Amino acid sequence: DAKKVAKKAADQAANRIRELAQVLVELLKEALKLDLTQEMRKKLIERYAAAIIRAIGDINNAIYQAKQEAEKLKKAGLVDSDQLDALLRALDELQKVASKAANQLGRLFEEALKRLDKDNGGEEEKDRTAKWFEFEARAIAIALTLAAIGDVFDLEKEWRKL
């Protein structure tokens, strides 16, 4: 039903962000390798770009499937017009917050790389910047999982109000 539509969409979108955060942390660790060829640095950037693009494509895939399931429920008469409206707004909100999380993770990765390059110093400064990136990326992933549960929970309570 409608509750599974929203849950599935939220879980997929949040899981794509958790996975992106993990991929970026692993790529930042590889960038810490100290006999890194350029040959590899170029491949690290390419993997970064593909991870960002994959995450946002997969988030959008989950949202588009969910909106199609929502409209099928409207047609089969398993949801009225006001419930469908609440579900579509929740899905738009999910797309907005998950797409923001992906852009933030990408920007923090780009800042980390720069601090690693430009901010020059012992491993200590640099390995600090790694552990900072991992700390920030995990915070974003956690916050998004919490918003995902909370928004679907509140959607269900909105449907009951209706």
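Start at 1 and count along the sequence shown; that's the residue number.
Between the stretches 29 to 37 and 43 to 51, it is 29 to 37 that shows the larger average CA temperature factor. In this entry, the higher average B-factor at the C-alpha atoms falls on 119 to 127, of the pair 89 to 97 and 119 to 127.
Annotation for residue 2: CA B-factor lies in the highest third of the chain's modelled residues. Residue 105: CA B factor in the middle third of modelled residues in this chain (values from the PDB entry).
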